[PDB]
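Following: one structure in structure tokens, then a few remarks.
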Amino acid sequence: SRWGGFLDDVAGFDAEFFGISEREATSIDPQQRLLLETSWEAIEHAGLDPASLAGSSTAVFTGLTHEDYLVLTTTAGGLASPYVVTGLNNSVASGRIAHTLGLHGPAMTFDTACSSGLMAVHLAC
Amino acid sequence: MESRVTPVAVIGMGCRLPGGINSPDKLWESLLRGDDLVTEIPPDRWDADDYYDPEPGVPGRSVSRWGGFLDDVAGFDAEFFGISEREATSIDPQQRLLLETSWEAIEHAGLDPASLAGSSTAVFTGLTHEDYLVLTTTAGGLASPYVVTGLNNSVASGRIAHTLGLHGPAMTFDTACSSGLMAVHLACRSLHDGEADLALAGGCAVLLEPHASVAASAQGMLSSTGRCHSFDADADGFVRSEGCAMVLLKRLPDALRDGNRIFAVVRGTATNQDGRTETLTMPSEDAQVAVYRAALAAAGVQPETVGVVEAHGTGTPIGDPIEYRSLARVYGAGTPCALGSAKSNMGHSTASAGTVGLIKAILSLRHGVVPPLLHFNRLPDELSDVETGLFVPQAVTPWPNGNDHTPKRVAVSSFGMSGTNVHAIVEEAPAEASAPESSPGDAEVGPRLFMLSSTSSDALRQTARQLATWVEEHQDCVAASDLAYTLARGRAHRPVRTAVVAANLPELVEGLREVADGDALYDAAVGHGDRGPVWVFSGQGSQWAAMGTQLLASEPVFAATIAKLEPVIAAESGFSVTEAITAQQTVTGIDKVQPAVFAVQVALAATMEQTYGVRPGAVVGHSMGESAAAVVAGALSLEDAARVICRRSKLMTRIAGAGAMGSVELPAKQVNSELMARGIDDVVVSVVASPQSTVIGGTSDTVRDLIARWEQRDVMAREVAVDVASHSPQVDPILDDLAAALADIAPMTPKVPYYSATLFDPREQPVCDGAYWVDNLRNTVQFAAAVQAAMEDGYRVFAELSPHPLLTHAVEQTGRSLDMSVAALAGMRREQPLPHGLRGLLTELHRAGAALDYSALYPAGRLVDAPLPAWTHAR
Ligand SMILES: *[C@@H](CCCCCCCCCCCCCC)C(=O)NCCNC(=O)CCNC(=O)[C@H](O)C(C)(C)COP(*)(=O)O
């Protein structure tokens, strides 16, 4: 294959708005950045102030896979970066969102190949 | 109701942990002994000295050089799970450990893993690190296509489900180092929702590459000492350690209804997130208090009732005081409460921490005692003023606040870097649902058949060795009958298998020790346990002096059947058969021998049917044994068959065959071509045994000259020493009288599928009337056709009922000619004693792989904690 659907920008991420240092922002998984940004966008699309949800029992679930950024950093050999601990571990995918929004409901990330996109909805239900 | 969630009972667990711990009992023993499992990083993993540096925060270097590691992580049995070696190489060792531990846990519950096919059962597991991905990438060898399913995290639960054919939610998730307890909560909810009925929870943590450790050290997360100071004033941080464990869960009412062993019961659990704090890894005391209260409310259990809390206890100087502060808010309310953490003796597992804590709590409940906390001597100064009844047991300490009227209860807790927190409440399992003390009675003093199985011969030897060790350690703490019941019915049977027969535990210990070092080339079972064996009612020729003496002196059913048949023999055949059975000289004479073998074989079949209950998948009869075969086949009555055998024994004696028997190894068609080349039709083929073994009947002179000619033809041909001929135009004078006198029989439809060897098509069920017996004494018998039909029909297991094997090699050749593997056994060997009886022969039936009812041998018995078979561990 030579083709596919690809984002307009992948490395793009508004780390400053969420109070994120450029170092961790450089080392954080772009998938995590996309999830966080689109989650904020969905929250706003609901008409709710994201700041309003702080200190509430709302929960978060997300499906993640294809940790290709691990391959990239391994090839680059920059695994020694301390931000990798929270920049590449799949756990923080939900945890980063929960901490940013200050939510108290359970935060969990999982992987079910190409079925996470709806199994997350089932789990939330 | 009082618990909003349906209470869930743990019915089994499995674990593979550092320091050679591969069983929960081993973990319990290590914990009681106060042993440590943290060691220096093994060199084969990587050079610890290369990456070690005591200076904090040095880039590219770690602060620790220790860790808890397994005996081996590369060990795995691809053959048992049917995995290609090429594929097995690309598999993440985490997946292999998950699969093996899950299989161990299922067997630890006494359930057959194969029995769960298509069952509505779910599985949940947590994966945290992808060290194998790092290794594959740095090796540049991930171009192998088998890496896709071998590295993707979601495959793990899917792989387990596909191996076991489970039909229920399969989950691979992560909650940092709290995945296990999160999986437990998910399984509990799913069972409450009714989506599944059986769920598996757990997580595996594998340490293979150093860069992750270096990154962790860069964050200051690792202890420089090399040991976790959980709650100690010297808290230096956690230590990375290998780990993998699984737990099986079933709904409590269902478990009670099925009477399965209930290790403990979990009343409820809950989960929440800390939320906004200083960083992504700052714990929130209020959040932990909230999750404690929520879990208690879900379980509907008061906190002061719980005695011991399984805290996280990671050893971080920042985290541990916070965790201690939170617990004092809820637990330790005046009533003393003990504190325990599994990390003190094992270290920290980034995925299995919750599961190992849960298992330690389970064992603590099982023994009503708490192990001491390793390396601990005093709390940090920040906790000096905190008021609570909480305490850390410096030694092995009985259950705090012991109360007969209340079940013992344990709280567990796990926390991850992601900030999500899981807490659960574990309650002591109810009293024994079965009869108290398993209703002891007149336990049989006769030797018990202790089954055994494994994946390979050397693995079988190692399994026998460790099992003997364990039995020696508990020769008095357990009972032989319960152990035998557990082995027979509460354990899956691996393809490589054997058995030891013993009456007392020291005897079993000696027998197991014999094979533990004794060499023997064991082979895996050929049968699949789906069909019963096939009896071989072999004919005359293998008799010897006093065959039945041991059987009469040891098998009550055998003696009863012999005494039952004896008067009918003296009536119809005119002489007693017991005297010939006990005769010190080998029985001779077609009148005398013929009923003797019939009685022997029918008595043996009755013994197998009653004292051992093994049903035949099919039945094969040889010569006069064909009537004896029809006896157990359900086609002939016992009296009718006795009349048949006695009357034919009397009648054949009139002329004594009037001929001779010639056996030649030449193929049957080639034999027919050779015979027709000389016009020697006065002889005719009598037995079709194998494509490389035929028997020809005829007059003595022509048989003798034919076998002389074949010897001149450089082909083996023997005139056997039989006194009479069969299936030859020489017994003709008796045929008319035999048909006339024997027409009184009343055959019926066989109860067991039977192969008519005499008939052209053994697959067709014969009428086995007097005409059939005339053919059986005059027409050729196609034993080769019968065995070929049996193999074609899928049957693989065959056992001779003869006093001595006669055609085991022949049927082996038939299978070898067909090229399909088979197992041929002999009921008894020439002058072979057996004080144990046919029980020893029964072991060979199991070793072959035939189906049978084990409850027929083990109607009841309490399951026990006998160890598990080892594994082939090719790296
Ligand atoms: C268990 C989690 C610890 C083990 C997880 C290892 C992560 C390695 C990631 C590897 C990815 C890339 C691989 C290939 C390069 C656990 O219990 N977590 C909680 C430990 N306790 C916590 O509550 C806090 C732990 N650390 C701390 O106490 C603080 O976060 C510190 C002070 C270390 C961080 O500094 P600051 O944020 O306060």
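Naming scheme: A, B, ... for chains in displayed order of the structure tokens; residues 1 onward per chain; ligands 1 onward as shown.
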Which range 498-612 of chain B residues have any atom within 10 Å of an atom of range 709-731 of chain B, and for each, what is the nearest pair of atoms with distance in Å to one decimal, counting only C-alpha atoms, rows sorted by chain and number, as a tab-separated table?
residue	atom	partner	partner_atom	distance
B:540	CA	B:722	CA	9.0
B:541	CA	B:722	CA	7.5
B:588	CA	B:723	CA	8.8
B:589	CA	B:723	CA	7.6
B:590	CA	B:724	CA	7.3
For the residues selected in the previous step, produce a file with N, CA and C atoms as a CSV table (one decimal), in the first residue's frame.
chain,number,residue,atom,x,y,z
B,540,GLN,N,-7.2,-69.2,21.4
B,540,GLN,CA,-6.4,-70.2,22.1
B,540,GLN,C,-4.9,-70.1,21.6
B,541,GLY,N,-4.0,-70.5,22.5
B,541,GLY,CA,-2.6,-70.5,22.1
B,541,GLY,C,-1.7,-69.9,23.1
B,588,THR,N,-4.4,-78.5,27.9
B,588,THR,CA,-4.3,-79.0,26.6
B,588,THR,C,-5.6,-79.8,26.2
B,589,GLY,N,-5.9,-79.9,24.9
B,589,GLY,CA,-7.1,-80.5,24.4
B,589,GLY,C,-8.1,-79.5,24.0
B,590,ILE,N,-8.6,-79.7,22.7
B,590,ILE,CA,-9.5,-78.7,22.2
B,590,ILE,C,-10.8,-78.7,23.0
Hey, could you make a per-residue contact list for chain B against ligand 1 with 9 Å as the cut-off, showing the nearest pair of atoms and its distance in Å to one decimal, counting only C-alpha atoms and all ligand atoms, sorted by chain and number, as CSV?
residue,atom,partner,partner_atom_place_in_ligand_line,distance
B:128,CA,ligand 1,9 (C),8.1
B:129,CA,ligand 1,13 (C),6.4
B:130,CA,ligand 1,13 (C),6.8
B:131,CA,ligand 1,14 (C),6.5
B:133,CA,ligand 1,14 (C),9.0
B:134,CA,ligand 1,14 (C),6.7
B:176,CA,ligand 1,2 (C),6.2
B:177,CA,ligand 1,1 (C),4.4
B:178,CA,ligand 1,1 (C),7.3
B:209,CA,ligand 1,14 (C),7.6
B:210,CA,ligand 1,15 (C),7.9
B:211,CA,ligand 1,15 (C),4.9
B:212,CA,ligand 1,15 (C),3.9
B:213,CA,ligand 1,8 (C),7.0
B:214,CA,ligand 1,15 (C),8.0
B:215,CA,ligand 1,15 (C),6.6
B:216,CA,ligand 1,8 (C),5.8
B:217,CA,ligand 1,33 (C),8.9
B:219,CA,ligand 1,33 (C),5.6
B:220,CA,ligand 1,33 (C),5.1
B:221,CA,ligand 1,33 (C),4.3
B:222,CA,ligand 1,33 (C),7.9
B:237,CA,ligand 1,28 (O),7.6
B:238,CA,ligand 1,3 (C),7.5
B:239,CA,ligand 1,4 (C),8.4
B:240,CA,ligand 1,4 (C),7.0
B:278,CA,ligand 1,37 (O),7.5
B:279,CA,ligand 1,37 (O),5.2
B:280,CA,ligand 1,37 (O),6.5
B:281,CA,ligand 1,30 (O),4.3
B:282,CA,ligand 1,23 (O),5.8
B:283,CA,ligand 1,23 (O),5.2
B:284,CA,ligand 1,23 (O),8.8
B:312,CA,ligand 1,17 (O),7.1
B:313,CA,ligand 1,17 (O),8.2
B:314,CA,ligand 1,17 (O),5.9
B:315,CA,ligand 1,21 (N),8.3
B:316,CA,ligand 1,28 (O),5.4
B:317,CA,ligand 1,28 (O),6.9
B:318,CA,ligand 1,28 (O),5.0
B:319,CA,ligand 1,28 (O),5.1
B:320,CA,ligand 1,21 (N),7.9
B:322,CA,ligand 1,23 (O),8.9
B:323,CA,ligand 1,23 (O),8.7
B:348,CA,ligand 1,1 (C),7.4
B:349,CA,ligand 1,4 (C),7.6
B:350,CA,ligand 1,4 (C),5.1
B:351,CA,ligand 1,1 (C),8.4
B:353,CA,ligand 1,1 (C),8.3
B:414,CA,ligand 1,17 (O),7.6
B:415,CA,ligand 1,17 (O),5.5
B:416,CA,ligand 1,18 (N),4.4
B:417,CA,ligand 1,18 (N),4.1
B:418,CA,ligand 1,18 (N),7.7
B:419,CA,ligand 1,23 (O),7.3
* Once you count only C-alpha atoms, which residues of chain B turn out to be within 6 Å of chain A? Could you give them as a PyMOL selection string? -> chain B and resi 60+154+172-176+215+218-219+271-276+418+420
How about saving the chosen residues, N, CA and C atoms kept, as a PDB file, in the first residue's frame?
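The file below, result10.pdb, is the result:
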ATOM      1  N   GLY B  60      20.944   8.575  31.148  1.00  0.00           N
ATOM      2  CA  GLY B  60      21.448   7.360  30.549  1.00  0.00           C
ATOM      3  C   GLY B  60      21.856   6.279  31.522  1.00  0.00           C
ATOM      4  N   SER B 154      -3.860  -6.138  22.365  1.00  0.00           N
ATOM      5  CA  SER B 154      -5.227  -6.645  22.439  1.00  0.00           C
ATOM      6  C   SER B 154      -5.295  -8.146  22.202  1.00  0.00           C
ATOM      7  N   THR B 172      -7.880  -6.463  27.110  1.00  0.00           N
ATOM      8  CA  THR B 172      -6.512  -6.111  27.459  1.00  0.00           C
ATOM      9  C   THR B 172      -6.482  -4.611  27.675  1.00  0.00           C
ATOM     10  N   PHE B 173      -6.259  -4.196  28.914  1.00  0.00           N
ATOM     11  CA  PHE B 173      -6.319  -2.790  29.263  1.00  0.00           C
ATOM     12  C   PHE B 173      -5.066  -2.440  30.049  1.00  0.00           C
ATOM     13  N   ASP B 174      -5.030  -1.220  30.571  1.00  0.00           N
ATOM     14  CA  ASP B 174      -3.980  -0.841  31.498  1.00  0.00           C
ATOM     15  C   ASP B 174      -4.492   0.246  32.425  1.00  0.00           C
ATOM     16  N   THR B 175      -4.080   0.164  33.683  1.00  0.00           N
ATOM     17  CA  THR B 175      -4.328   1.206  34.665  1.00  0.00           C
ATOM     18  C   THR B 175      -3.045   1.473  35.438  1.00  0.00           C
ATOM     19  N   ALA B 176      -1.943   1.636  34.703  1.00  0.00           N
ATOM     20  CA  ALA B 176      -0.606   1.689  35.282  1.00  0.00           C
ATOM     21  C   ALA B 176      -0.397   0.486  36.184  1.00  0.00           C
ATOM     22  N   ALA B 215      14.950   5.466  32.646  1.00  0.00           N
ATOM     23  CA  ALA B 215      13.971   6.546  32.649  1.00  0.00           C
ATOM     24  C   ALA B 215      13.309   6.676  34.014  1.00  0.00           C
ATOM     25  N   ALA B 218      15.631   8.329  36.334  1.00  0.00           N
ATOM     26  CA  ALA B 218      15.709   9.755  36.038  1.00  0.00           C
ATOM     27  C   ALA B 218      14.602  10.522  36.746  1.00  0.00           C
ATOM     28  N   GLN B 219      13.453   9.881  36.951  1.00  0.00           N
ATOM     29  CA  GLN B 219      12.378  10.497  37.714  1.00  0.00           C
ATOM     30  C   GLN B 219      12.558  10.332  39.215  1.00  0.00           C
ATOM     31  N   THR B 271     -13.972   2.120  42.329  1.00  0.00           N
ATOM     32  CA  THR B 271     -12.861   2.732  41.616  1.00  0.00           C
ATOM     33  C   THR B 271     -13.169   4.206  41.398  1.00  0.00           C
ATOM     34  N   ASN B 272     -12.129   5.030  41.451  1.00  0.00           N
ATOM     35  CA  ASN B 272     -12.269   6.460  41.201  1.00  0.00           C
ATOM     36  C   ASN B 272     -10.908   7.011  40.797  1.00  0.00           C
ATOM     37  N   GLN B 273     -10.881   8.303  40.489  1.00  0.00           N
ATOM     38  CA  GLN B 273      -9.673   9.001  40.079  1.00  0.00           C
ATOM     39  C   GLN B 273      -9.378  10.139  41.044  1.00  0.00           C
ATOM     40  N   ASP B 274      -8.090  10.363  41.318  1.00  0.00           N
ATOM     41  CA  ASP B 274      -7.704  11.470  42.186  1.00  0.00           C
ATOM     42  C   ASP B 274      -8.128  12.808  41.596  1.00  0.00           C
ATOM     43  N   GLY B 275      -7.890  13.007  40.304  1.00  0.00           N
ATOM     44  CA  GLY B 275      -8.270  14.244  39.654  1.00  0.00           C
ATOM     45  C   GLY B 275      -7.153  15.263  39.589  1.00  0.00           C
ATOM     46  N   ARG B 276      -7.504  16.536  39.738  1.00  0.00           N
ATOM     47  CA  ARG B 276      -6.519  17.603  39.667  1.00  0.00           C
ATOM     48  C   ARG B 276      -5.659  17.617  40.920  1.00  0.00           C
ATOM     49  N   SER B 418      -1.157   6.564  36.768  1.00  0.00           N
ATOM     50  CA  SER B 418      -2.197   7.311  36.073  1.00  0.00           C
ATOM     51  C   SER B 418      -3.121   8.024  37.050  1.00  0.00           C
ATOM     52  N   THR B 420      -5.615   6.552  38.862  1.00  0.00           N
ATOM     53  CA  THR B 420      -6.811   5.775  39.148  1.00  0.00           C
ATOM     54  C   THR B 420      -6.541   4.849  40.325  1.00  0.00           C
TER      55      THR B 420
END
* **Residue nearest residue 50 in chain A among A:28, A:118, A:11, A:36 (counting only C-alpha atoms)** => A:36
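CA of residue 777 in chain B is positioned 24.0 Å from CA of residue 809 in chain B.
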* Between CA of residue 135 in chain B and CA of residue 147 in chain B, measure the distance and give it in Å to one decimal. => 12.1 Å
* Asked: range 816-832 of chain B: which residues within 10 Å, counting only C-alpha atoms, same-chain residues fewer than 3 positions away excluded, as a ChimeraX atom specification?
  -> /B:525-527,533-536,542-547,550,601,604,690-692,788,791-792,795-813,838,840-842,844-845,847-849
